[PDB]
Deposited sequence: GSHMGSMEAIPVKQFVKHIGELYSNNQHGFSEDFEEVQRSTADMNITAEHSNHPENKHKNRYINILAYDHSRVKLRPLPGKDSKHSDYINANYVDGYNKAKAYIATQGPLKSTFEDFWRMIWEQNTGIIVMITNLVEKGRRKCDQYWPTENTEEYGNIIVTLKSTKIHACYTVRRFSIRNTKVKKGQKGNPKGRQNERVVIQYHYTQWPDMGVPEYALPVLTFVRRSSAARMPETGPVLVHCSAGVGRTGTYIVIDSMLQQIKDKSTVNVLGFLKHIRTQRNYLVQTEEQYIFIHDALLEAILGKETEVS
């Protein structure tokens, strides 16, 4: 289970795709079994005081990698957010993978952003999809909105074909310097029926949202609804692009098995697993052709 050279990768995708995606199925099964023989605790996630802070009952934040909110005078569980640090290529905690914030966790969400020096939000969901509530709107439709001590001001919006870029200016009321630029990359193209037919617009979304990262800011916050499926998909695509650039190799299976110890279910389906491969195929074939 070493890194596949970039030249042999598109060839490898053909193999994985053949015989009704048998190879893909084996790999994804191996990913699902990577969790086996591993008891990873998520005690804070399961605490009665924290249960209302979780979007889904079964989508937990592993204790060891969980993002801790600075404590608040009084409660003991005021440190909890359903979020985990996740590694990137050759960088620990390059991301914060989190759920789409609830109405009740808006203050927590925005406090985590401040405390972690987060400069980029990657939103991979629509608020409502196929008539179902996926994420609550945590940012202002226009101008300014207040979430605890974080005052959020919408500065500009660029609505592209498949994604929206919202430039915010954030401020802490308890801080006297107390102003920060936060950019949100929102992937908006979600079909009524079916699911992502093309990898090229997602690849463009990944490249642009990734290049917007500022040195040496905090981790890039990536969320969808549960913050596992599309979040995992983004993290792998982005990390593998970095690996390709640095050493012309790809390690999808190895990297995914590793991040799965950091947040439960990152890359939730075989379809998302296959999608990772298509995005990378597009990136490889795109170079020199």
note = No C-alpha coords for deposited residues 1 to 6, 81 to 82, 185 to 194, 308 to 310
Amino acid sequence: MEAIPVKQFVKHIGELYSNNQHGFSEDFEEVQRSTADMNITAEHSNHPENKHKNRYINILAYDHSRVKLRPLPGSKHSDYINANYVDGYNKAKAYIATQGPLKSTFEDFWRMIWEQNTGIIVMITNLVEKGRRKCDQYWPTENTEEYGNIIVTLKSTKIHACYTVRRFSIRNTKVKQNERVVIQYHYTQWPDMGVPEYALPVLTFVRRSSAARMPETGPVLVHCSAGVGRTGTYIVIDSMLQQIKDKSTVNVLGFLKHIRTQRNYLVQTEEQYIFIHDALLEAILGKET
From here on, numbers count along this sequence of modelled residues.
remark   = Between 91 to 99 and 126 to 134, the record assigns the higher mean Cα B factor to 126 to 134
inquiry  = Per the record, averaged over C-alpha atoms, which has the higher B-factor: 64 to 72 or 232 to 240?
reply    = 64 to 72
inquiry  = By the CA temperature factor listed in this entry, which of these ranks top: 86, 162, 181, 203?
reply    = 181
ask   = If you rank every modelled residue in this chain by C-alpha B factor, which third holds residue 208: lowest, middle or highest?
value = middle
remark   = Sorting the chain's modelled residues by C-alpha B-factor and splitting them into thirds places residue 32 in the middle
request  = Would you check the entry's CA temperature factor for residue 55 and let me know if it's in the chain's lowest, middle or highest third?
outcome  = middle
inquiry  = Ranking the modelled residues of this chain by C-alpha B-factor as given in the entry, is residue 114 in the lowest, middle or highest third?
reply    = middle
message = Ranking the modelled residues of this chain by C-alpha B-factor as given in the entry, is residue 38 in the lowest, middle or highest third?
response = highest
